[PDB]
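Asker: protein_38.csv (CSV, C-alpha atoms and all ligand atoms) pasted underneath:
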chain,number,residue,atom,x,y,z
A,4,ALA,CA,0.0,0.0,0.0
A,5,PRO,CA,1.0,3.7,-0.4
A,6,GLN,CA,2.6,4.6,3.0
A,7,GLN,CA,0.1,7.5,3.5
A,8,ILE,CA,-2.8,5.0,3.4
A,9,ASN,CA,-0.9,2.5,5.6
A,10,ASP,CA,-0.1,5.1,8.2
A,11,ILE,CA,-3.5,6.9,8.5
A,12,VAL,CA,-5.4,3.6,8.7
A,13,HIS,CA,-3.1,2.0,11.3
A,14,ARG,CA,-2.7,5.1,13.4
A,15,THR,CA,-6.5,5.6,13.5
A,16,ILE,CA,-7.8,2.0,13.7
A,17,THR,CA,-5.3,0.5,16.2
A,18,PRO,CA,-6.3,3.0,19.0
A,19,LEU,CA,-9.9,2.4,18.1
A,20,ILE,CA,-9.6,-1.3,18.6
A,21,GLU,CA,-7.8,-0.8,22.0
A,22,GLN,CA,-10.4,1.8,23.2
A,23,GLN,CA,-13.4,-0.2,22.1
A,24,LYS,CA,-12.1,-3.7,22.9
A,25,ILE,CA,-12.9,-4.9,19.4
A,26,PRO,CA,-12.0,-8.6,19.0
A,27,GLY,CA,-11.6,-8.5,15.2
A,28,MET,CA,-11.7,-5.8,12.5
A,29,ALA,CA,-11.4,-5.5,8.7
A,30,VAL,CA,-10.9,-2.2,6.9
A,31,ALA,CA,-10.9,-1.3,3.2
A,32,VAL,CA,-9.9,2.0,1.8
A,33,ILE,CA,-10.9,2.6,-1.8
A,34,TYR,CA,-8.6,5.2,-3.4
A,35,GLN,CA,-9.0,6.1,-7.1
A,36,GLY,CA,-10.4,2.8,-8.2
A,37,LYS,CA,-8.1,0.8,-6.0
A,38,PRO,CA,-8.9,-1.0,-2.8
A,39,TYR,CA,-6.5,-1.5,0.1
A,40,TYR,CA,-7.2,-4.0,2.8
A,41,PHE,CA,-6.3,-4.2,6.5
A,42,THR,CA,-7.2,-6.8,9.2
A,43,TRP,CA,-6.8,-7.2,12.9
A,44,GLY,CA,-7.5,-9.7,15.6
A,45,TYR,CA,-10.0,-12.5,15.7
A,46,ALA,CA,-13.0,-13.7,13.7
A,47,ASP,CA,-13.4,-16.5,16.3
A,48,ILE,CA,-11.7,-16.0,19.7
A,49,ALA,CA,-12.3,-19.6,21.0
A,50,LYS,CA,-11.0,-21.3,17.9
A,51,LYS,CA,-8.2,-18.7,17.4
A,52,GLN,CA,-9.4,-17.9,13.9
A,53,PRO,CA,-7.9,-14.6,12.5
A,54,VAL,CA,-9.7,-11.9,10.6
A,55,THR,CA,-8.8,-12.3,6.9
A,56,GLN,CA,-10.0,-10.6,3.7
A,57,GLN,CA,-12.3,-13.6,3.4
A,58,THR,CA,-14.1,-13.6,6.7
A,59,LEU,CA,-17.8,-12.8,6.7
A,60,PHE,CA,-19.2,-10.1,9.0
A,61,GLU,CA,-22.8,-9.3,9.7
A,62,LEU,CA,-23.5,-5.9,8.0
A,63,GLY,CA,-26.7,-5.3,10.0
A,64,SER,CA,-28.4,-2.1,8.7
A,65,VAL,CA,-25.7,-1.6,6.0
A,66,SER,CA,-27.9,-4.2,4.3
A,67,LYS,CA,-30.4,-1.4,3.7
A,68,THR,CA,-28.1,0.0,1.0
A,69,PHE,CA,-28.5,-3.3,-0.9
A,70,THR,CA,-32.2,-3.2,-0.4
A,71,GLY,CA,-32.4,0.4,-1.6
A,72,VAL,CA,-30.3,-0.4,-4.7
A,73,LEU,CA,-32.4,-3.5,-5.5
A,74,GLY,CA,-35.5,-1.3,-5.2
A,75,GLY,CA,-33.9,1.2,-7.5
A,76,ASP,CA,-33.1,-1.6,-10.0
A,77,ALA,CA,-36.8,-2.7,-9.9
A,78,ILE,CA,-37.8,0.9,-10.7
A,79,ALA,CA,-35.3,1.0,-13.6
A,80,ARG,CA,-36.9,-2.3,-14.8
A,81,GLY,CA,-40.3,-0.6,-14.9
A,82,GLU,CA,-41.6,-3.2,-12.4
A,83,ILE,CA,-42.4,-0.7,-9.6
A,84,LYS,CA,-42.7,3.1,-9.1
A,85,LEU,CA,-41.9,5.0,-5.9
A,86,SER,CA,-45.2,6.9,-6.4
A,87,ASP,CA,-47.1,3.6,-6.3
A,88,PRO,CA,-49.5,3.1,-3.4
A,89,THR,CA,-48.4,0.4,-0.9
A,90,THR,CA,-51.7,-1.3,-1.6
A,91,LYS,CA,-50.9,-1.8,-5.3
A,92,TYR,CA,-48.5,-4.6,-4.3
A,93,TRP,CA,-50.3,-5.7,-1.2
A,94,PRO,CA,-54.0,-5.3,-1.9
A,95,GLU,CA,-54.9,-7.2,1.3
A,96,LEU,CA,-53.6,-4.1,3.2
A,97,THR,CA,-57.2,-2.6,3.2
A,98,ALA,CA,-57.0,-0.7,6.5
A,99,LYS,CA,-57.8,3.0,5.9
A,100,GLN,CA,-54.6,4.5,7.4
A,101,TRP,CA,-52.7,3.0,4.4
A,102,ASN,CA,-54.4,5.4,1.9
A,103,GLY,CA,-51.7,7.8,0.7
A,104,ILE,CA,-48.8,5.7,1.9
A,105,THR,CA,-46.5,5.0,-1.1
A,106,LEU,CA,-43.5,2.9,-1.7
A,107,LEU,CA,-41.4,6.1,-1.4
A,108,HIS,CA,-42.7,6.5,2.2
A,109,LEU,CA,-41.8,2.9,3.1
A,110,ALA,CA,-38.3,3.2,1.5
A,111,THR,CA,-37.5,6.5,3.2
A,112,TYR,CA,-39.0,6.0,6.7
A,113,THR,CA,-41.6,8.7,6.1
A,114,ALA,CA,-44.8,6.6,6.2
A,115,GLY,CA,-46.0,8.1,9.5
A,116,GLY,CA,-44.0,6.3,12.2
A,117,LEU,CA,-43.8,2.7,11.3
A,118,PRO,CA,-42.2,0.8,14.2
A,119,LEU,CA,-38.4,0.5,14.4
A,120,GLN,CA,-38.6,-3.2,14.8
A,121,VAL,CA,-41.0,-5.9,13.8
A,122,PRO,CA,-42.0,-7.7,17.1
A,123,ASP,CA,-40.4,-11.1,17.7
A,124,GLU,CA,-44.0,-12.4,18.1
A,125,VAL,CA,-44.5,-11.9,14.3
A,126,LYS,CA,-43.5,-15.4,13.1
A,127,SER,CA,-45.8,-16.2,10.2
A,128,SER,CA,-46.9,-14.2,7.1
A,129,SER,CA,-50.5,-13.8,8.5
A,130,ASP,CA,-48.8,-12.4,11.7
A,131,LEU,CA,-47.1,-9.8,9.4
A,132,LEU,CA,-50.3,-8.7,7.6
A,133,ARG,CA,-52.0,-8.3,11.0
A,134,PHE,CA,-49.0,-6.2,12.2
A,135,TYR,CA,-49.2,-3.7,9.3
A,136,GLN,CA,-53.1,-3.7,9.3
A,137,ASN,CA,-53.3,-2.9,13.0
A,138,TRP,CA,-50.4,-0.3,13.1
A,139,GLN,CA,-51.7,3.2,13.8
A,140,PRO,CA,-49.6,6.1,12.3
A,141,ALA,CA,-49.1,9.0,14.7
A,142,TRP,CA,-48.4,11.3,11.7
A,143,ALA,CA,-49.7,11.9,8.2
A,144,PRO,CA,-47.5,10.4,5.4
A,145,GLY,CA,-44.5,12.3,4.3
A,146,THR,CA,-44.3,14.7,7.3
A,147,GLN,CA,-41.8,13.0,9.7
A,148,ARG,CA,-38.8,10.6,9.3
A,149,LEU,CA,-38.6,7.7,11.8
A,150,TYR,CA,-35.8,5.3,11.0
A,151,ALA,CA,-37.4,1.8,11.0
A,152,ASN,CA,-36.7,-1.8,9.9
A,153,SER,CA,-40.5,-2.3,9.4
A,154,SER,CA,-40.5,0.6,6.9
A,155,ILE,CA,-37.7,-0.2,4.4
A,156,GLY,CA,-38.1,-3.9,5.2
A,157,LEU,CA,-41.6,-3.8,3.7
A,158,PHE,CA,-40.4,-1.7,0.8
A,159,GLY,CA,-37.8,-4.5,0.0
A,160,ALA,CA,-40.4,-7.3,0.1
A,161,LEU,CA,-42.9,-5.4,-2.1
A,162,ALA,CA,-40.3,-4.1,-4.5
A,163,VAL,CA,-39.6,-7.7,-5.7
A,164,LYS,CA,-43.2,-8.8,-6.0
A,165,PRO,CA,-43.7,-8.1,-9.7
A,166,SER,CA,-40.5,-10.0,-10.6
A,167,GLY,CA,-42.0,-13.2,-9.1
A,168,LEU,CA,-38.6,-13.8,-7.5
A,169,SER,CA,-38.0,-14.3,-3.7
A,170,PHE,CA,-36.2,-11.3,-2.2
A,171,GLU,CA,-33.0,-13.5,-1.9
A,172,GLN,CA,-33.2,-14.7,-5.5
A,173,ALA,CA,-33.8,-11.2,-6.8
A,174,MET,CA,-30.9,-9.8,-4.7
A,175,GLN,CA,-28.5,-12.6,-5.8
A,176,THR,CA,-29.5,-12.4,-9.5
A,177,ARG,CA,-29.9,-8.7,-9.9
A,178,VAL,CA,-27.3,-7.2,-7.5
A,179,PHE,CA,-24.8,-9.7,-6.1
A,180,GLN,CA,-24.0,-11.7,-9.3
A,181,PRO,CA,-23.7,-8.8,-11.8
A,182,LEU,CA,-21.4,-6.9,-9.4
A,183,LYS,CA,-19.2,-10.1,-8.8
A,184,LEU,CA,-20.1,-10.1,-5.1
A,185,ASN,CA,-19.5,-13.9,-4.8
A,186,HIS,CA,-19.0,-13.9,-1.0
A,187,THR,CA,-22.0,-11.9,0.0
A,188,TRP,CA,-25.0,-13.7,1.5
A,189,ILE,CA,-28.4,-13.3,2.9
A,190,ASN,CA,-28.1,-16.8,4.2
A,191,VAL,CA,-24.6,-18.1,4.9
A,192,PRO,CA,-24.1,-21.3,3.0
A,193,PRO,CA,-22.5,-24.4,4.7
A,194,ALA,CA,-19.4,-23.9,2.4
A,195,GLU,CA,-18.7,-20.5,3.8
A,196,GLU,CA,-19.3,-21.2,7.5
A,197,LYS,CA,-15.6,-21.6,8.2
A,198,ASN,CA,-15.3,-17.9,7.2
A,199,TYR,CA,-18.3,-16.6,9.2
A,200,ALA,CA,-17.0,-14.5,12.1
A,201,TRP,CA,-18.7,-14.7,15.5
A,202,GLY,CA,-20.1,-11.5,16.9
A,203,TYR,CA,-19.3,-10.6,20.5
A,204,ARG,CA,-21.8,-9.2,22.9
A,205,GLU,CA,-21.0,-9.0,26.6
A,206,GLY,CA,-18.1,-11.4,25.9
A,207,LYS,CA,-20.4,-14.0,24.4
A,208,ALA,CA,-20.2,-15.3,20.8
A,209,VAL,CA,-23.4,-14.4,18.9
A,210,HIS,CA,-25.0,-14.4,15.5
A,211,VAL,CA,-28.0,-12.5,14.3
A,212,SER,CA,-31.3,-14.3,15.1
A,213,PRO,CA,-33.9,-14.9,12.4
A,214,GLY,CA,-36.9,-12.4,12.3
A,215,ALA,CA,-39.6,-11.1,10.0
A,216,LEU,CA,-38.2,-9.1,7.1
A,217,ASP,CA,-34.6,-9.7,8.3
A,218,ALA,CA,-33.1,-10.2,4.9
A,219,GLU,CA,-34.7,-6.9,3.7
A,220,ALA,CA,-33.7,-4.8,6.7
A,221,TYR,CA,-30.5,-6.2,8.3
A,222,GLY,CA,-29.7,-9.7,7.0
A,223,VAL,CA,-26.7,-9.4,4.6
A,224,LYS,CA,-23.3,-10.9,5.5
A,225,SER,CA,-20.2,-10.0,3.5
A,226,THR,CA,-16.3,-9.9,3.3
A,227,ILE,CA,-14.1,-6.8,3.3
A,228,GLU,CA,-13.3,-7.5,-0.4
A,229,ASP,CA,-16.9,-7.7,-1.5
A,230,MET,CA,-17.8,-4.6,0.5
A,231,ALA,CA,-14.9,-2.7,-1.1
A,232,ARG,CA,-16.4,-3.8,-4.4
A,233,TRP,CA,-19.8,-2.6,-3.3
A,234,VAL,CA,-18.5,0.8,-2.4
A,235,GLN,CA,-16.6,1.1,-5.7
A,236,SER,CA,-19.8,0.2,-7.5
A,237,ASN,CA,-21.7,2.9,-5.7
A,238,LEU,CA,-18.8,5.4,-6.1
A,239,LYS,CA,-18.7,5.0,-9.9
A,240,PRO,CA,-22.1,3.5,-11.2
A,241,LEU,CA,-21.3,4.6,-14.8
A,242,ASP,CA,-18.8,1.7,-14.9
A,243,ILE,CA,-21.6,-0.8,-14.4
A,244,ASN,CA,-22.6,-2.7,-17.6
A,245,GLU,CA,-26.1,-3.7,-16.5
A,246,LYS,CA,-28.3,-0.8,-17.4
A,247,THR,CA,-31.0,-1.1,-14.8
A,248,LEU,CA,-28.5,-1.8,-12.0
A,249,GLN,CA,-26.5,1.3,-13.0
A,250,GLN,CA,-29.8,3.3,-12.9
A,251,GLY,CA,-30.8,1.6,-9.6
A,252,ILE,CA,-27.6,2.7,-7.9
A,253,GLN,CA,-28.2,6.3,-9.1
A,254,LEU,CA,-31.7,6.3,-7.7
A,255,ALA,CA,-30.6,5.1,-4.3
A,256,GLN,CA,-28.3,8.2,-4.0
A,257,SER,CA,-31.1,10.6,-5.0
A,258,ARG,CA,-32.1,13.1,-2.3
A,259,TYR,CA,-35.8,12.5,-1.4
A,260,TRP,CA,-36.1,14.2,2.0
A,261,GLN,CA,-34.0,16.6,4.1
A,262,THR,CA,-33.8,16.5,7.9
A,263,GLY,CA,-31.2,18.9,9.3
A,264,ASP,CA,-27.9,18.5,7.4
A,265,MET,CA,-28.9,15.0,6.1
A,266,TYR,CA,-30.6,13.9,2.9
A,267,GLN,CA,-32.4,10.6,2.7
A,268,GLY,CA,-31.8,8.3,-0.2
A,269,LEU,CA,-32.8,4.7,-0.7
A,270,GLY,CA,-30.9,3.0,2.1
A,271,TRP,CA,-28.0,5.4,1.6
A,272,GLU,CA,-27.9,8.7,3.6
A,273,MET,CA,-26.1,11.8,2.4
A,274,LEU,CA,-24.6,15.1,3.6
A,275,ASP,CA,-22.9,17.8,1.5
A,276,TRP,CA,-19.1,17.5,1.4
A,277,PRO,CA,-17.2,19.2,3.0
A,278,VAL,CA,-18.6,18.4,6.5
A,279,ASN,CA,-17.2,17.8,10.0
A,280,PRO,CA,-17.7,14.6,12.0
A,281,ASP,CA,-19.8,16.3,14.7
A,282,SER,CA,-22.3,17.3,12.0
A,283,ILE,CA,-22.3,13.7,10.5
A,284,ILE,CA,-22.9,12.2,14.0
A,285,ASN,CA,-25.7,14.8,14.6
A,286,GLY,CA,-27.2,13.8,11.2
A,287,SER,CA,-27.1,10.1,12.2
A,288,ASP,CA,-29.3,7.5,13.9
A,289,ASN,CA,-26.6,6.3,16.3
A,290,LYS,CA,-28.8,3.6,17.8
A,291,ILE,CA,-32.1,1.9,16.9
A,292,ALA,CA,-33.9,4.3,19.3
A,293,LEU,CA,-36.8,6.7,18.6
A,294,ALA,CA,-35.7,9.9,16.9
A,295,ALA,CA,-38.7,11.5,15.2
A,296,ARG,CA,-37.7,14.4,12.9
A,297,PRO,CA,-39.9,16.6,10.6
A,298,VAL,CA,-38.8,16.2,7.0
A,299,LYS,CA,-38.8,18.7,4.1
A,300,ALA,CA,-39.7,17.1,0.8
A,301,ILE,CA,-37.2,17.6,-2.0
A,302,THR,CA,-39.6,18.2,-4.9
A,303,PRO,CA,-38.4,16.7,-7.2
A,304,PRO,CA,-35.6,14.6,-5.7
A,305,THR,CA,-32.1,15.9,-6.5
A,306,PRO,CA,-30.1,13.3,-8.5
A,307,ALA,CA,-27.0,11.8,-6.9
A,308,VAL,CA,-24.7,14.7,-5.8
A,309,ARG,CA,-21.0,14.0,-6.4
A,310,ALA,CA,-19.8,16.2,-3.6
A,311,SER,CA,-21.4,14.2,-0.8
A,312,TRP,CA,-20.5,12.2,2.2
A,313,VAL,CA,-22.6,9.1,1.4
A,314,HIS,CA,-22.8,6.6,4.3
A,315,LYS,CA,-24.7,4.0,6.3
A,316,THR,CA,-24.1,2.5,9.8
A,317,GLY,CA,-25.0,-1.1,10.8
A,318,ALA,CA,-25.0,-3.0,14.1
A,319,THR,CA,-26.4,-6.4,14.9
A,320,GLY,CA,-26.2,-7.7,18.5
A,321,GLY,CA,-22.5,-8.7,18.0
A,322,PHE,CA,-21.3,-6.7,15.0
A,323,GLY,CA,-20.6,-3.0,14.1
A,324,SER,CA,-20.3,-2.0,10.5
A,325,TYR,CA,-19.8,1.3,8.7
A,326,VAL,CA,-19.5,2.4,5.0
A,327,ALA,CA,-18.8,5.9,3.7
A,328,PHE,CA,-17.7,7.4,0.4
A,329,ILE,CA,-17.2,10.7,-1.4
A,330,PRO,CA,-18.0,10.2,-5.1
A,331,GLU,CA,-16.2,13.4,-6.3
A,332,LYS,CA,-12.9,12.3,-4.7
A,333,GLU,CA,-13.1,8.6,-5.8
A,334,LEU,CA,-12.7,7.8,-2.1
A,335,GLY,CA,-14.3,5.3,0.1
A,336,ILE,CA,-14.0,3.3,3.3
A,337,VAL,CA,-15.5,0.1,4.8
A,338,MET,CA,-15.1,-0.7,8.5
A,339,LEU,CA,-16.3,-4.2,9.6
A,340,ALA,CA,-16.1,-5.3,13.3
A,341,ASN,CA,-17.4,-8.2,15.3
A,342,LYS,CA,-18.4,-6.0,18.3
A,343,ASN,CA,-21.2,-3.4,18.3
A,344,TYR,CA,-19.3,-0.3,19.3
A,345,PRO,CA,-20.6,3.3,19.4
A,346,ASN,CA,-21.4,4.9,16.1
A,347,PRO,CA,-19.8,8.2,16.8
A,348,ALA,CA,-16.4,6.3,17.1
A,349,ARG,CA,-17.0,4.8,13.7
A,350,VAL,CA,-17.8,8.1,12.1
A,351,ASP,CA,-14.8,9.8,13.8
A,352,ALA,CA,-12.4,7.2,12.6
A,353,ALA,CA,-13.8,7.1,9.0
A,354,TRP,CA,-13.7,10.9,8.8
A,355,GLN,CA,-10.1,11.0,10.1
A,356,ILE,CA,-9.0,8.5,7.4
A,357,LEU,CA,-10.9,10.0,4.5
A,358,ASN,CA,-10.0,13.6,5.4
A,359,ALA,CA,-6.3,12.8,5.4
A,360,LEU,CA,-6.5,11.1,1.9
A,361,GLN,CA,-8.7,13.6,0.1
A,401,LIG,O1,-27.8,1.3,11.8
A,401,LIG,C1,-27.4,1.2,13.0
A,401,LIG,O2,-26.2,1.3,13.2
A,401,LIG,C2,-28.3,0.8,14.1
A,401,LIG,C3,-29.8,1.1,13.6
A,401,LIG,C4,-30.3,-0.2,13.3
A,401,LIG,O3,-31.3,-0.4,12.6
A,401,LIG,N1,-29.5,-1.1,13.7
A,401,LIG,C5,-29.8,-2.5,13.6
A,401,LIG,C6,-30.8,-3.0,14.4
A,401,LIG,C7,-31.2,-4.4,14.3
A,401,LIG,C8,-30.4,-5.2,13.5
A,401,LIG,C9,-29.3,-4.7,12.7
A,401,LIG,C10,-29.0,-3.4,12.8
A,401,LIG,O4,-28.0,-2.9,12.1
A,401,LIG,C11,-28.2,-0.7,14.3
Show this structure as structure tokens.
Answerer:
Amino acid sequence: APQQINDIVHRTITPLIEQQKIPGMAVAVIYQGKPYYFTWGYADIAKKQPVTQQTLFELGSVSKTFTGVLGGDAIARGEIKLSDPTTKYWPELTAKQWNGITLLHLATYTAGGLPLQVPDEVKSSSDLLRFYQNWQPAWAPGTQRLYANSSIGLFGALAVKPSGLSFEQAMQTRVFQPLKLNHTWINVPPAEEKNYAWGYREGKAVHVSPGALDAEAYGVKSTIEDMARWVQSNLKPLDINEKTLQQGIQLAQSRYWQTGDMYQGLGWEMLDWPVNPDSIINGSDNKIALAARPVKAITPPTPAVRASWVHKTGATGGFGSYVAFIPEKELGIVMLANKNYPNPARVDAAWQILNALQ
């Protein structure tokens, strides 16, 4: 690696690992079309398995970027429209409160306060219909943003309905395979289990538990190499050969709503570059905990802005993930860890590395 990249990464990440007691970490810096990889510590403490460029980490809510892009691809295919009523793809959602709630609202957390989590009690598909039918919005659609799994999770499931493919099949066929993400999984196959890192919560080894709409909201697992490739694909979508996928990526980075300094895309979230870490942290949902914010509609949505800090945080019970890139500087970073550590620390470290290299 160029020494500047080596130095800034190691001098930032090593103290982070010490401070946060992170068992294992993988980092990719993408610089002008080139990835550079760095690994520390353990994927599995008990079995003394090191973190490599091949170990799988739970992305958690970074999965929402994949969901957003798949949704964008479906739009590009002419299969769905973000202006479509939710009921067009789920006509059994007949409860009145759903009148005026569009796929856009679901994708962007602006439906009127859909819950952050689907209850663990929701185990069947009839349970799921009951859940959405009985849900009572506190706000009119498109007035407030409330970050929620049940919102974008539903968007994901409905976005693939015209295709006739399962969410997993659609994601594999339309996003993973064309982008050569051959070690990215919604369900970790037996063949790749040796590479699947354990998460660590309160010193215990843990993996994400199954739940309703998990694949769509927080279910993707990936390597540092595939994630670097994912960032590069989103940094430079014009290089992508598949027309609808190229367009899908562009639609995910469109600015649909503004709350404070942050603009909501499909999965991705954006702020204007230059920006300081304290403004990024303030424009972030640091935990899955209620933060209701009035939104201003961007009418019509601004197409992907090159001078943006584009990012997403993710954190299952035992993992902490972060992805950020600045399109206009051909610069990106992926941070994958098998401990859920505070988001501000992730943002601080990512900014420190990217600011030095830009
Ligand atoms: O995005 C984040 O960093 C928070 C917010 C969120 O939805 N998280 C989350 C919650 C449940 C499963 C996976 C997750 O990533 C963690």
Asker: As JSON, numbers by chain, please: the residues near region 50-54 of chain A (cut-off 8 Å, only C-alpha atoms, same-chain neighbours under 3 positions excluded).
Answerer: {"A": [27, 28, 29, 42, 43, 44, 45, 46, 47, 57, 58, 200]}
Asker: Could you check how far CA of residue 65 (chain A) sits from CA of residue 153 (chain A), in Å to one decimal?
Answerer: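 Atom-to-atom, CA of residue 65 (chain A) to CA of residue 153 (chain A), that is 15.2 Å.
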Asker: Check the smallest atom-to-atom distance from each of A:351, A:275, A:228, A:124 to residue 261 (chain A) using only C-alpha atoms, then report the winner.
Answerer: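 Among the listed residues, A:275 lies closest to residue 261 (chain A).
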Asker: Mind pulling up the distance from atom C7 of ligand LIG 401 (chain A) to CA of residue 279 (chain A)?
Answerer: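 We find that CA of residue 279 (chain A) and atom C7 of ligand LIG 401 (chain A) lie 26.6 Å from each other.
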Asker: For CA of residue 201 (chain A) and CA of residue 123 (chain A), quote the distance in Å rounded to one decimal.
Answerer: 22.1 Å
Asker: With distances taken over only C-alpha atoms and all ligand atoms, which residue among A:349, A:342, A:126, A:290 lies nearest ligand LIG 401 (chain A)?
Answerer: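 The closest residue to ligand LIG 401 (chain A) is A:290.
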